[PDB]
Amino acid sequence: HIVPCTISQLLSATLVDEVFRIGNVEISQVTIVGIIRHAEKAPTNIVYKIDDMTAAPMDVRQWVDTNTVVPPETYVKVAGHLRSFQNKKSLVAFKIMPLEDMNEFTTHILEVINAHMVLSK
């Protein structure tokens, strides 16, 4: 299922083969809430640097085939799965949605905390 996270949690996940463990529990599909600091419209994919204050911005990729770029400094809700190359983790998102209501941002903090609590070991 989908685990609510912070980029600091993400950058600290260990790939024990091809699978990621967030500190101690496996995870793949995750959600984060952050601000777009930069947006780069590449050929077939849009790459964003999203920041949640917990670490340096993280690269969040969106494969967009043939008006799709969310403007910088906009708060967003990202949903995708964790990826990794030569040790540099990223995020492939199926969703990146501008937060309508900022209280959704405060709620995510609550969800992150009660998700790593109830799923902890």
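Start at 1 with the first residue shown and count on from there.
Residue 54 is built in all of the other entries compared, counting only those with both neighbours built, so it is not a gap in a third. Per the records, residue 66 is among the residues left out by at least a third of the other compared entries, whereas the shown structure includes it. Unmodelled residues of the deposited sequence between neighbouring positions residue 66 and residue 67 number 4 to 9. Look at the C-alpha B-factors of 13-21 and of 108-116. On average they run higher in 13-21.
When 75-83 is weighed against 23-31, 23-31 comes out higher, by mean CA B-factor as recorded in the entry. Highest CA B-factor among the listed residues (60, 56, 96, 42): 42.
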